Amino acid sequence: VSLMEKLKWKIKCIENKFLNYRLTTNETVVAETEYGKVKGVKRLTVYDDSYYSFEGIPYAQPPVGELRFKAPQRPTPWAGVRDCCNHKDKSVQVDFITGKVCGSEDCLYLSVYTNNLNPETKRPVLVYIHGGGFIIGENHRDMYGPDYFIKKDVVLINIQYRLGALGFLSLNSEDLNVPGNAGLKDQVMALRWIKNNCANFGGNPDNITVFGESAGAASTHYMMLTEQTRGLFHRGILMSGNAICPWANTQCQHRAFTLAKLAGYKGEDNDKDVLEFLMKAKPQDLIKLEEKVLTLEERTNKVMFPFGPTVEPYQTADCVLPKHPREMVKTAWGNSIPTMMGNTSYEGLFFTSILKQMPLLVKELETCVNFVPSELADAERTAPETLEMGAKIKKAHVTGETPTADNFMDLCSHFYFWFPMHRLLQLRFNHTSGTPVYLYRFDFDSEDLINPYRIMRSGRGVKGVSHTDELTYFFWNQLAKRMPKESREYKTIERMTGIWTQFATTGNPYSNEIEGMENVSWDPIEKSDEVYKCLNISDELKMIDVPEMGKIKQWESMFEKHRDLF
């Protein structure tokens, strides 16, 4: 927290509103939805393109009052024309830059964008679910502008969903109807809306692609796992994340009481009494205290967030996760739709900011016991077997006699992203109709065009392709600028929106109409593959064996004596 990030961030924000106004037009339009008419408006881009914009389309009732912590309910429709010419608020969260809580409980909205409201053909529909660890994020165009994607003839939809304790509180007591995963059930309801309404915006309801980055990738994967969404969409893209990443789920049923007690609850550890208190609390109080819920023991054992997706303790009407995700892969409908997955070439660089805060973290690599997968480790991480397992990790990532910060961040690349990807691929290969999985590796490094996460990760001046660096080439954000058509950055925008649009359309990401792809033979992964091939996306596009594969096998070797748990 170095105070006046908040300044230029406030004055990049005084600019973003003038610019937003200047890029607005007077061309309003009305579209039909199953809940009533919505009025949208055309907007301009800095590349002199334009698109129709519908923001603040409700897909559920505002989950306020008695609806807090509950599964979403269908919204209440209207006669007349609803105003969708302005965005709604984001879900209640801590602003990662201003450090202050922002947003509203009234956040269950989606936005629809297209360059042509009346196309002559049904268009592929792309649905983006944002990341942010299930605790931050939004569909506001200052972070996720559609301006690049609307160069292509697609319909792009950006959803919101409840975050933090408001989205992911879970209580054991069956009588209370807070089984957990409200935020994922939000996504399910948004997907149902999209399926039933995208046609009114020129979309093909039989050709929908869901994609997401980070927590949005885990979300996309959860939407492919749950039987609640069966057949609602037809392709998935998992960008740096999936549902069996260790940060992507947690059993948090005991932490509601902790949150209550942090906020001033007086009384006993009792689900009913705890729920009653949490129902009454100011939303901004609960979200601000969320950062204090995890114990030192939990943090040591690499629990990243106190509330997130959870295995629900009993089954309700709108249950999304009845079993551990690894179990849900066994029968997942989404196993049998075309899928693309990928990661960046230095994911772990993202934890730069965390390291600067707590330098002593680097000494975790002395034994690496803390990064042994939790299901394998003992609670004190002092067991000799845990020490042995840790030594396998240590050999994969410690390059000198003493671990460095770079070693730590390389390790994080695998703990948080590459190893979970491996486990998923192998698990799914036992339960798939045979539909292809394509892998990419995003390896394009530039500091000439950036996005706000680079601030948060303090990555200005740091080199390598961190977690979230690829977002810059998919979405407009308030820190972006018009780049020369010949720049490597602009060409990367064209390649990324191009490949994603090609995959959305056909279920195959290859096209010789994409510059650089003229010699790419991009083949999906097979069960019989001992080495993964990926499209490596840099200044050149090249098919390579995943450079991370060696370290991936090294992680896998921790499961030599526990193969059932892999």
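Residue positions are given as counts along the sequence shown, with the first one as 1.
- Higher average CA B factor: 310-318, of the stretches 133-141 and 310-318.
- Set 1-9 against 556-564 and average the Cα temperature factors; 1-9 ends up higher.
- Take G212, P72, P420, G464 and read off each C-alpha B-factor from the entry; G464 has the highest.
- Based on the entry's C-alpha B-factors, the most elevated value among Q160, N197, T404, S345 belongs to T404.
- Among all modelled residues in its chain, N86 ranks in the highest third by Cα B-factor.
- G459: CA B factor in the highest third of modelled residues in this chain (values from the PDB entry).
- Sort the chain's modelled residues by C-alpha temperature factor and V293 lands in the middle third, per the entry.
- Split the chain's modelled residues into thirds by C-alpha temperature factor. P146 is in the lowest one.
- Placement of the Cα temperature factor of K152 within the chain: lowest third of the modelled residues, per the deposited record.
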